[PDB]
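So basically every Cβ, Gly included, is an ideal-geometry build from the backbone, and we count neighbours across all protein chains shown. Derivation of every value follows stated rules applied to the coordinates shown; laboratory data play no part.
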Amino acid sequence: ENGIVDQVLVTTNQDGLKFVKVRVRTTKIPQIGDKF
Amino acid sequence: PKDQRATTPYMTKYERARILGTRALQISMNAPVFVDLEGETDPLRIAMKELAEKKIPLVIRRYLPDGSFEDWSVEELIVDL
Amino acid sequence: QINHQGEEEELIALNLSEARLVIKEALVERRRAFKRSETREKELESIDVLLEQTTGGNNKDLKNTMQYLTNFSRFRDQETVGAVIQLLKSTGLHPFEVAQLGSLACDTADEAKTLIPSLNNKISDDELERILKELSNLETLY
Amino acid sequence: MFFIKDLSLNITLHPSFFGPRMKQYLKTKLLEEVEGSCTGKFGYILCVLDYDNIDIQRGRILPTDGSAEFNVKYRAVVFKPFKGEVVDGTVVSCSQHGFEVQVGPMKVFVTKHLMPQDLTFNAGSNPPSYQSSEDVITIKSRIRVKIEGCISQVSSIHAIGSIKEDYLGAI
Amino acid sequence: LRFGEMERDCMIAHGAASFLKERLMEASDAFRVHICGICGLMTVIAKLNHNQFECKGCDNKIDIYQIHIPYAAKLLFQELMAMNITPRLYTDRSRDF
Amino acid sequence: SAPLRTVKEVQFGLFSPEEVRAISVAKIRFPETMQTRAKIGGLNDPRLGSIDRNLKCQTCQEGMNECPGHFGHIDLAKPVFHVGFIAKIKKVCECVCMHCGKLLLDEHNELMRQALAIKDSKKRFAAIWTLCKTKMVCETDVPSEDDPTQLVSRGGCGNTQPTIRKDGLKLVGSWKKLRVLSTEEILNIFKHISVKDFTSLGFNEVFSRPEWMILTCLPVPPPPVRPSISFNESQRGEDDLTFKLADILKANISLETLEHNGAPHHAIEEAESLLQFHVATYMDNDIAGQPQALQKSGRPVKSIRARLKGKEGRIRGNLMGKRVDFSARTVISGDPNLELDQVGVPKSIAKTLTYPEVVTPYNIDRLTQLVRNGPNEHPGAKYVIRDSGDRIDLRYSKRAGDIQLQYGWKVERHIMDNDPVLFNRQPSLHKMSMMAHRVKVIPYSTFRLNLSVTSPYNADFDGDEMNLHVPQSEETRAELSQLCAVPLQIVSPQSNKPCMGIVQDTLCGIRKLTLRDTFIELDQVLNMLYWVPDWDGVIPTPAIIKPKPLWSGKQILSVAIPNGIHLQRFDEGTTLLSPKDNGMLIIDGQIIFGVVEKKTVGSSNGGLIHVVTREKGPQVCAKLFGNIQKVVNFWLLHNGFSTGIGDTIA
Amino acid sequence: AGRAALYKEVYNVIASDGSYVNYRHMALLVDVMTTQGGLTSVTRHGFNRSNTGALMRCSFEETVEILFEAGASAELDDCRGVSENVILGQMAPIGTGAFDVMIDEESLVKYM
Amino acid sequence: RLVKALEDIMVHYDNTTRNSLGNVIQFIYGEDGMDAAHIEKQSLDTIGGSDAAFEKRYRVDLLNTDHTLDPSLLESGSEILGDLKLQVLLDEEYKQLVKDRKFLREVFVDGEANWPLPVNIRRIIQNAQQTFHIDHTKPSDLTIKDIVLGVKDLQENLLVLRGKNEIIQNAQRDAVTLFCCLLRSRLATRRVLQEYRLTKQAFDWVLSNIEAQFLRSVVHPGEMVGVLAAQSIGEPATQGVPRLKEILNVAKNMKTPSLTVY
DNA sequence: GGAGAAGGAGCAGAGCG
DNA sequence: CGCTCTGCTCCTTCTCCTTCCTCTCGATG
RNA sequence: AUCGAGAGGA
Ligand SMILES: [Mg+2]
Ligand SMILES: [Zn+2]
Ligand SMILES: [Zn+2]
Ligand SMILES: [Zn+2]
């Protein structure tokens, strides 16, 4: 993987357990072999 | 039964390949070389050169179906490949 | 037995004395290879010289073995060793049984019967009687 | 006792020594590995008869590496004992319970269960020989021992030297 | 990557015995074991620091050989032993000539 | 250390229970595997295949790296049937005299004498079984065939035999006058059968004795066969076998417990069946009947048979085929500028796959530099191995510039140019789908092949993937280059035709290039020649001289073809003038007639490709393909070719 | 006669698709199916029920059912098969392994 | 499934085909011990054509006018004409070819005259013409004696087998029966003089070459023929077909049994 | 579900009484 | 010719049986 | 981690 952190989400379920969701984004630059 | 060997005098390709690979292996082990060096660091190239002019000291043991076998010195064999 | 030459060689029940003499010859051959690269006291020292001129002295145990084998020698002198061979073989004597009589001392036929139970049952006394005293005199010559 | 037999040994050689000198080097290696050998089938191996005429019988090069095997045939002089045999041995070491005697290239242990009941250990002698009966046995003397079976071990081979007999006794 | 059946078939076709062996032995599953000559079962106590070996049930201390086999193969036999099967491996062909 | 050998023959048979007991180094008594980290002496003890960091393995130390496990011992309270042998036991018992130790029939009946004559033991047993199974009585006196009035007092029992029925895990004997047979009875019966009977029955007295079909003790495979499981936070959930063994042990203790405590005859029976059940499912959790052992999780218990039988089992999934290292897989692409026996490999791949090259006086200087470059550069190596086995990792050390190489040391050299490698396109339908090429490293992430090599691979650049394998020993390297090399397969034994050729654009160009009207200005000819790597530096004389120096296309193309070639193809219209310029005729590496097309550079056996392979050898034919493609492509690039809707409009 | 008819019959199938296969590859298959004195199919009930080494047979479609038989008859595989040596991880006796390489020491001492 | 059937089938150094058990399947691989990689389709001239045409193309008579050898063909003209000794040699060959004609009529009942055979004679011959630009306008130095002996001598050197015993020697004769018929077809003296005006030097080269090429083309021992045969049938199958399945599985209950009564 | 093995059941003929 | 015998035929059971990789997803001891 | 199931390529 290679990217930068986009949006870090911290929440909890109904049970009070702490949740963490992290979105990492990157730019796909058409390479040799990429299908079309 | 060296007298009247019933197998070909020609070297079958499998023997060519295996002999070349082996001799390359011994050469890589710093074993004594039997020909002059023209700069072929490639042990396998040394091997083909060696085989071409018959200085391999190897004899092929060919196994017949019954388990009996014949011995063919590489010098005896005809390199037709 | 059979050698690795494909030849069914007979089981060579080698006599102690003839074994020592064959070992002497083999050591002489070994010393020949290195170069190309009798009383029991006389033979004991002579072989030790061969051992020291063919090895480095590490094999002390055998040097003891030959020295002790030479001490219990019965027929040190080979051309006499041949004589007993002809005497014993003329009777069709069994090679394994042959070894003991050539390697062990015995004066009378009965004594051999006592020493070797195998002879006790099937051997002819006359053969032992004539042979053993002939060999006893030969042994006394040593 | 002593036997001449055309025996063979399997020897492996590293490629670097595959020069024509390999014949003599292999001759050596066989000589070291053959002589001074104990074995249940043949007992002990004294020497190699016909030190020349080395039966190399072609080298078996392995596919794993450049190492090759050599089942080199050879005539050797070996020692083989048998049960109930007579040998005029010599006492190598003494013991309160008997003796250990040299029987060819083999070691034989005299056991007190099997010597004349009237013979007793005399610690007063030097060496502490047995002197209570006719069969006086000491390190410096001569002894005949009856081979009451060969007790072959993993590391060495030895047998029982029995003395309680009209023959195969002291000296 | 799984060198599957169809792949080794080609190597058989090409006859690349040396290569086929390398792909199945050196590439993975390399494993050394010791075996008893009396019984062909991997039941050898290998006191390597002592160079001492033995096959309990045969008390054999001289018939010990080193063999290189696929680690998976070792599992198969050991499972066969668990199956009440005796996969005895012998290194000397019964037929001579 | 110990002598090395190789496997020659494998002998199969059944364990002798005393042999099992002797082999085992520990008896198993406790179904319990555990107080916090110590193992019960009666199960999973260090005497077995001890767990990591425990250097016991029955005083074998070495961890689990150089030491396998060892088998345990379980003493069955009662004998039990072996599942795979239930039918075999059934048939055998149908043949024995049922508490006599003898066979129902004898050699005095000619029918068995015919059966006994059978060399094949398997057929022999079946032949006898067909006869004995019909013999429901073992009368002592049997009239002799030679003397009908004389009878042979053979049958010891002299009684009748019951019909045997396979009642699930147990046999039932229907007496012609009915009861459940006893495992003990059968065991004794087998123990009273003679060796001479084994020969007729197809049993080996020293490897396969019929009584051994019945199990009296169970070997206990060590942990390595049922590995300790730590998939979760130190949660065991041991393999099914570990739990399955516990079930047997729990059953074994209970059956023993019941018998000892009060001898509740009936309760003993159910337990014995439970034992026969658990052992049966343990060996095979799949039977013709309903019974299906289930793990506490609710899923079926995975028995030994499940481990082996079926695709992905221990046989097909790990022995005939397996995962391997020193390999790679990616997507391919075309590149005419590469020869048939070549391939493009990304710098990234070569930077990872390595070869264990051996240091010698002939390359120590080169290898020295590679180590200096280290694993970060392409032309370098990852590991330096001393003769002692010191696998130095250049990744985590500055010693790359300090280590002094020594002869005999191994270096994990990166893949470099001209290193033979093996390719494979899944599925490997037939021989051609795997061939050996040469490596040229390139700066992008894909595999480049010469266009022509695709046809045998059945490949296509629409996103197809293809596998790469690298040999590790000099032995194999030589093997591939001489057996699996690309050129060696140009003529396929599939149909006696060349399997390769010019395809796609390059084929189209040649038609135009060799077309009668195609003439080339001097400017182009100068370049086209130079593209031919084999060009000798001698400009051919232009066909047209006076009005303007021109070369007909055929002239240039002939340059690529080596000298000494002679092809003669005649069509219906070929009459040494070819008014349609059909047919084909090449003389001494020079085109004269015809328009070069599919039937001369294609797959056809009469084509040029087939001829060249035989007059010069593949090592020369391979160089041809590059020459043709390099030339035509260059001309086509400067000529161009397209299609469009107009092409379809009439 | 059946062998010939079988070959002729299969030829129609291969030819019907427009593909072409050498006679050598085709005849061999036809021969193998009849060497046992009968039309031995190549299913589980044909080729499998041969007298070849069990360790080879166990990998076709049935594994445990065959192993059990080996123990019953105490089978002794010869290891002459290819797959058998594959399982053991030993060099198969084929191709480059269909012979042996030996060092002709006599020739070695011939070359100084 | 097919591969499993033929894994262990391989060719031994005795030029035979044995399975793992050593059971012999084909005594000589493919009934000719010939590699599939070294064989290509070629014509059999002696099969087709009318009998008179056949005689014209091959028959030579030094005594009569119908099949007179044209003196301009060779440096020796009338020296050859009338020589009964040479006529006998021609008679033997012509009779030999006649047997081949009627013989091959039986082998290939359909009369087809194009079959795979090793060593492409035509290409060797054409190569011969281009080796040193044979001047095809001058008489050659060849003699009938040389041609007839050359043909026979070549045949004696087509050694597929090595066993000196009668049994092996008999097999060798049957192994190359078809191939040697082709040689006697395309090396007939009449053609060797008219169609291909070779020199003595050239003709010696051709015979030497054919033998040399032929030996290279014999199937090598150690081949894993069964695997090659298995795959070779396979890739056809991945392109009728249910029938193939119906064949490999014997399946007595054929879907469409039928008869062809003549 | 097919396909093949398997085992039983009936049955008629062939020899016997 | 009935009896008996035996193979012969028939007639249900009663199994066991099908290229390579890439990700995600929910539930388990 | 496995198993199970699914989606998608070659
Ligand atoms: Mg595609
Ligand atoms: Zn053992
Ligand atoms: Zn262990
Ligand atoms: Zn009975």
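Structure summary
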| item | result |
| --- | --- |
| Residue within region E:36-45 that is closer than 25 Å to F:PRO471 by Cβ, within 13 Å of chain G (Cβ to nearest Cβ) and out of contact with any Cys (no Cβ under 8 Å at 6 or more places or on another chain) present | no |
| Answer from E:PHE31, E:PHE3, E:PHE19 - the residue that is of a type in the set (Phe, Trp, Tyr), out of contact with any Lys or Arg (no Cβ under 7 Å at 6 or more places or on another chain) and either crowded, with 19+ Cβ neighbours inside 10 Å or within 14 Å of chain G (Cβ to nearest Cβ) (or both) | E:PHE19 |
| Subset of region D:23-68 that is aromatic (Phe, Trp, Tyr) and part of a loop (DSSP other than H, G, I, E, B) - its residue that is nearest to B:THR22 (Cα to Cα) | D:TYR51 |
| Cβ pairs under 6 Å, 6+ apart, first in region F:632-646 and surrounded by 10 or more Cβ atoms within 10 Å (Cβ to Cβ), second assigned to a helix (DSSP H, G or I) and among the polar types (S, T, N, Q) | F:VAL632/F:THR506 |
| Residue, nearest to the other protein chains (Cβ to nearest Cβ), within region F:100-135, restricted to residues that are within 22 Å of F:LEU171 (Cβ to Cβ) and either within 16 Å of ligand 3 (Cβ to nearest atom) or loosely packed, with under 15 Cβ neighbours inside 10 Å (or both) | F:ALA126 |
| Members of region F:193-228 found to be in contact with a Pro (Cβ under 6 Å, 6 or more places away or on another chain) and in a loop (DSSP other than H, G, I, E, B), listed by number | F:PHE203 |
| Sole residue being more than 30 Å from H:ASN209 (Cβ to Cβ) and out of contact with any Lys or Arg (no Cβ under 7 Å at 6 or more places or on another chain), chosen from F:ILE561, F:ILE649 | F:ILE649 |
| Flag if F:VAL441 is aliphatic (A, V, I, L, M), away from ligand 1 (no atom under 14 Å from the Cβ) and surrounded by fewer than 21 Cβ atoms within 10 Å (Cβ to Cβ) | yes |
| Residue pairs meeting the criteria (Cβ under 8 Å; at least 6 apart or on separate chains; first part of a loop (DSSP other than H, G, I, E, B), in region F:260-272; second of a type outside the set (D, E, K, R) and surrounded by 14 or more Cβ atoms within 10 Å (Cβ to Cβ)) | F:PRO264/F:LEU258 |
| Wholly enclosed helices (runs of 4 or more DSSP H) of region G:21-112 bearing at least 2 residues more than 16 Å from DNA strand I (Cβ to nearest atom) and within 9 Å of chain E (Cβ to nearest Cβ) | G:64-73, G:82-88 |
| All positions within region G:10-19 that are more than 7 Å from chain H (Cβ to nearest Cβ) and either in a helix (DSSP H, G or I) or under 24 Å from the mean Cα position of the chain (by Cα) (or both) | G:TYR11, G:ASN12, G:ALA15 |
| Region F:463-499: number of residues that are within 16 Å of DNA strand J (Cβ to nearest atom), facing another protein chain (nearest Cβ under 8 Å) and in contact with a helix residue (DSSP H, G or I) (Cβ under 9 Å, 6 or more places away or on another chain) | 2 |
| H:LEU228 being away from RNA strand K (no atom under 16 Å from the Cβ), within 14 Å of chain G (Cβ to nearest Cβ) and in contact with a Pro (Cβ under 9 Å, 6 or more places away or on another chain) | yes |
| Checking F:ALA328 against (1) of a type in the set (A, V, I, L, M, F, W, C); (2) touching a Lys or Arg at 6+ places or on another chain (Cβ under 8 Å); (3) closer than 18 Å to F:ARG438 by Cα, the condition it does not meet | (2) |
| Given (1) surrounded by fewer than 17 Cβ atoms within 10 Å (Cβ to Cβ); (2) acidic (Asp, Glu); (3) within 16 Å of ligand 3 (Cβ to nearest atom), index of the condition F:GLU18 fails | (3) |
| Any hit, region H:240-255, residues being within 10 Å of chain F (Cβ to nearest Cβ), in a loop (DSSP other than H, G, I, E, B) and in contact with a helix residue (DSSP H, G or I) (Cβ under 6 Å, 6 or more places away or on another chain) | no |
| Complete set of residues in region H:47-101 that are outside any helix (DSSP H, G or I) and acidic (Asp, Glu) | H:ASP61, H:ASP66, H:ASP70, H:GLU75, H:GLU79, H:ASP83 |
| Matching residues, region H:233-260, being of a type in the set (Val, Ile, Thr), closer than 22 Å to G:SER19 by Cβ and away from RNA strand K (no atom under 16 Å from the Cβ) | H:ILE233, H:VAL241, H:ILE247, H:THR256 |
| Output for region F:439-462, where each listed residue is within 25 Å of the chain's Cα centre (by Cα) and either more than 14 Å from chain H (Cβ to nearest Cβ) or within 16 Å of DNA strand J (Cβ to nearest atom) (or both) | F:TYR457, F:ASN458, F:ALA459 |
| Of all residues making up region B:1-57, the number that are surrounded by fewer than 21 Cβ atoms within 10 Å (Cβ to Cβ), among the small types (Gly, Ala, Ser) and out of contact with any strand residue (DSSP E or B) (no Cβ under 8 Å at 6 or more places or on another chain) | 3 |
| Those residues of region C:47-77 which are of a type outside the set (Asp, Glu), exposed (fewer than 15 other Cβ atoms within 10 Å of the Cβ) and more than 10 Å from every other protein chain (Cβ to nearest Cβ), in sequence order | C:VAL49, C:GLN53, C:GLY56, C:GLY57, C:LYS60 |
| Meets criteria (within 16 Å of ligand 1 (Cβ to nearest atom) and either part of a helix (DSSP H, G or I) or surrounded by fewer than 15 Cβ atoms within 10 Å (Cβ to Cβ) (or both)) for F:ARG307 | no |
| Test: residue in region E:53-69 that is within 14 Å of chain G (Cβ to nearest Cβ), part of a loop (DSSP other than H, G, I, E, B) and either over 19 Å from F:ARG316 (Cβ atoms) or out of contact with any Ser or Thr (no Cβ under 8 Å at 6 or more places or on another chain) (or both) | yes |
| Filter result for F:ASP75 (in a strand (DSSP E or B), more than 8 Å from every other protein chain (Cβ to nearest Cβ) and either more than 16 Å from ligand 2 (Cβ to nearest atom) or surrounded by fewer than 18 Cβ atoms within 10 Å (Cβ to Cβ) (or both)) | yes |
| Sole exception among (1) more than 9 Å from every other protein chain (Cβ to nearest Cβ); (2) at negative phi; (3) not in a strand (DSSP E or B) for D:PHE99, by number | (3) |
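Residue-wise test of (1) among the polar types (S, T, N, Q); (2) more than 13 Å from every other protein chain (Cβ to nearest Cβ); (3) not in a helix (DSSP H, G or I).
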residue: H:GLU112; (1), (2), (3): no, yes, yes
residue: H:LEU117; (1), (2), (3): no, no, yes
residue: H:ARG122; (1), (2), (3): no, no, no
residue: H:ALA128; (1), (2), (3): no, no, no
residue: H:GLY150; (1), (2), (3): no, yes, no
residue: H:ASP153; (1), (2), (3): no, yes, no
